[PDB]
Each structure stands twice: as C-alpha cells, then as structure tokens.
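Novice: 3D model of this:
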Amino acid sequence: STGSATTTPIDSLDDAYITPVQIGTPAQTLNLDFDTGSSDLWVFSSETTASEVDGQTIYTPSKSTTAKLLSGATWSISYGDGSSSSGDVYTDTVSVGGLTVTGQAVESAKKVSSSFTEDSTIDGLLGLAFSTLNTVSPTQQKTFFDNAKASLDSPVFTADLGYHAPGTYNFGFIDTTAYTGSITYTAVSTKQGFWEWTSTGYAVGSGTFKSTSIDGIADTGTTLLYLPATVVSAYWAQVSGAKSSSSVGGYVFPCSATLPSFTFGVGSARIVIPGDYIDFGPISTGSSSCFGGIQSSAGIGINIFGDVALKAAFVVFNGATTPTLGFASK
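Specialist: Residues are numbered from 1 along each chain as shown. There you are, the coordinates:
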C-alpha cells in the first residue's frame, strides 16, 4: 500500500504545516502537524477542557463506531518549545492520503497548553519519530508509520515541504519526479528516538564550505534551523545589523536586509537553503526588526534541522531494519 497527502503552511511564514487525517468511522477529518521529532498522535477532542479549545476541529470518539477506549492508558507530553498536552487514549481507524491503519492509538487531549489553544489551525500532532519516544502509559503505543510499515510497498515516508506553498507527505514510495539529481543517504542513530544524523558541514552564501560534523535531528515539527553557536554567528555576521537579542530570544536582523543562503552537507552532497527561507518577518507587527530562521541550539542540547532546512530538500525517512535518511535537492 501507499499514501499521499498534501501538507499546507498554517500561515504566511510557514510556522508549521498541517496535513488532513481521517479518524474514525464515519471519518472525522482533523488537520494534524506531522512531527518527525515526536511519537504521539494526539488530537483535540470532545474530552478537551472546553476553555482550552478555541477554533480547533475536535475528534469525538463517541461518534466513531470503530473507536475503543484503550482502558487505563494515559499520555502526557512536553515539547521543546515548552508546550504540553495530556489525556487518555482510544484506538481507531486512521487514514492519511489513502493509507489506512486500523487499531491506531489516538491520544485524546484532556488538557493542552496555551500555545495549542491559541493556534486554531492545528487540531493535533501526528508523531513520526521512533515509537520508543511514545508517551502512552502503561503500554507504549506505536506511531502511525510503525503500524503501517509492514503493509507499505517500501518501508519509507518522504517529506516534501513547500516554501510559502503546499507540499507533500508520501508513505510507502519515493516519487522520483519530486526531486532533482540523486538522493544522498546518510546514517541514522535511533539511540535518542529521533531521526538523528550527522551533517558534513556548511557554507554561508557564496563562501567556502567548512567541513565539520554536525549531529542533529530531522524534525518537521520544529519551524527553524537550530545549529551550534559558532555556525550561527558565522551566518549572521554576513548580515549588516544582525544581532542576537536576549529580549527577543534570538538573532534578529534589519527587515531591509537581503539574506545570504545557507548550505548544509549531506555526505558529499549539498543542500542550499535560499536566503528568503531564513526570513521570519517582523518580530512584532510593524517592526523593522525581523526574526531570523537560523538560531543557536546552545540552549537546547541538540541541533535541529527543522522546517527551514527540510523545506529546501526532498527528504526520505527510510524505516528499513537499519534506518537511514535521504536528502535530494528539488
């Protein structure tokens, strides 16, 4: 089997991407944030504290003839941005782009933190990291991809995120029309539960490539590119007036600037992020200070190849017995 679904930016900055997901019988379609940095499929629901729902579409398990309470199971997750959610668990039929999994754990939110409430466009998350990170207790649950894997034509999914435009998540096949050149595959460590890999270096603009190992994670659920402070300083030094602002929370730059590109290495291959992809717009409405899309990971503990980086590539998440990542230009 295969599936193919379009993923759409939630706003004009590509702050996140939403993908429609069919849950239950008859289908209830919710727009979920596909997140290769976590491993829970959780949704706003009829169980979510009413004051914490503000415009989201909710899953109502009592209206699904295939929903079953997973008795005793609870979940609770905290994300790198400080947001969180928790609740109980149903199993139900979940379909993405024509690919159906029966008995998928659908984690129903009883509580969500303010940032989720405040984002009316995201109805939940669909985790695509390794199932060892799933938070369901006392019986850990499998991701949608893990459940689908055996049925797929090939044990892979691909992320093809758009810049200020829709893109595609495919399951079970590699669309050879969706990228240019060849796909370069690179090793993955699953030891932390992530799609963790080592970039071979970087360049800023037309500058020379610096060969240096950068371990990090391919994370579709993180907006920006978070790299070591040395790398980030080298990038922003090429932008007149750019500075790290403690009060704003990262590098800002004059909105009048033209940003240089940023290249990252995948083996001997190179992925070029155009400068425009690094512009996240005014820090507040009407400001002439703009927020940068490349930020330091120094306070995180891990480097994160988030959407800024991934949207410059066609990315293969290869879930074979030994997982690997593939990157192609597009």
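
Novice: Name every strand pairing with the host helix or strand of residue 93 and say which way it goes.
Specialist: According to DSSP states H and E, residue 93 maps onto strand 84-96. If you go by DSSP bridges, strand 84-96 pairs up with strand 17-23 (antiparallel), strand 68-78 (antiparallel), strand 99-112 (antiparallel).

Novice: Can you lay out these as JSON lines showing distance to residue 57 and mean neighbour count?
Specialist: To be clear about C-beta, it is placed using only N, CA and C from the backbone, and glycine gets the same treatment. Formatted as JSON lines, the strands paired with strand 84-96 follow (distance: least, Cβ to Cβ, whole Å; neighbours: other Cβ atoms under 10 Å):
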{"stretch": "strand 17-23", "distance to residue 57": "10", "mean neighbour count": "23"}
{"stretch": "strand 68-78", "distance to residue 57": "20", "mean neighbour count": "15"}
{"stretch": "strand 99-112", "distance to residue 57": "13", "mean neighbour count": "22"}
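
Novice: Columns distance to residue 323 on top of these, output as TSV?
Specialist: TSV is the format used below for the strands paired with strand 84-96 (distance: least, Cβ to Cβ, whole Å):
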stretch	distance to residue 323
strand 17-23	21
strand 68-78	22
strand 99-112	19
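
Novice: Can you give me the buried ones in the top helix by length along the chain?
Specialist: In the chain, taking DSSP state H as the definition, the longest helix is helix 229-236. Residues 231-232, 234-236 are the ones in helix 229-236 that count as buried (16 or more other Cβ atoms under 10 Å).

Novice: Check stretch 113-123 too.
Specialist: 113, 116-117, 119, 121-123.

Novice: ok now it, how far from the chain's centre?
Specialist: 16 Å (Cα atoms, centre = their mean, to the nearest Å).

Novice: Give me the distance between the two termini of that stretch.
Specialist: 13 Å (Cα to Cα, to the nearest Å).

Novice: contacts for that stretch?
Specialist: The contact list for stretch 113-123 (Cβ atoms under 8 Å, 6 or more residues apart in numbering) reads 10-11, 16, 18, 30-33, 43-44, 52-59, 81-85.

Novice: What's the separation between the residue nearest in space to the middle of the chain and residue 38?
Specialist: Nearest residue to the geometric centre of the chain (Cα atoms, centre = their mean): residue 220, 1.8 Å. Per Cβ to Cβ, to the nearest Å, residue 220 is found 10 Å from residue 38.

Novice: Check residue 236 too.
Specialist: Going from residue 236 to residue 38 by Cβ to Cβ gives 29 Å.

Novice: How about residue 187?
Specialist: Taken as Cβ to Cβ, the span from residue 187 to residue 38 is 22 Å.

Novice: Between these two, which has more neighbouring residues?
Specialist: Taking other Cβ atoms under 10 Å, residue 187 and residue 38 do not tie; residue 38 has more neighbours (25 against 12).

Novice: Next, the contact list for the more buried one, please.
Specialist: Applying Cβ under 8 Å, 6+ apart, the residues near residue 38 are 77, 79, 125, 127, 129, 133, 221.

Novice: so which helix or strand takes in the third one?
Specialist: Just to be clear, that refers to residue 125. Secondary structure (DSSP H and E) places residue 125 in strand 124-127.

Novice: Which elements pack onto the following helix or strand past that strand?
Specialist: Note on strand 124-127: by DSSP H and E, the next helix or strand toward the C-terminus is helix 144-148. Packing contacts for helix 144-148, counted by 3 or more Cβ pairs under 8 Å, 6 or more residues apart in numbering; DSSP states H and E, involve strand 99-112.

Novice: repeat that with 10 Å
Specialist: strand 28-35, strand 84-96, strand 99-112, strand 124-127, strand 156-160, strand 167-171 (3 or more Cβ pairs under 10 Å, 6 or more residues apart in numbering; DSSP states H and E).
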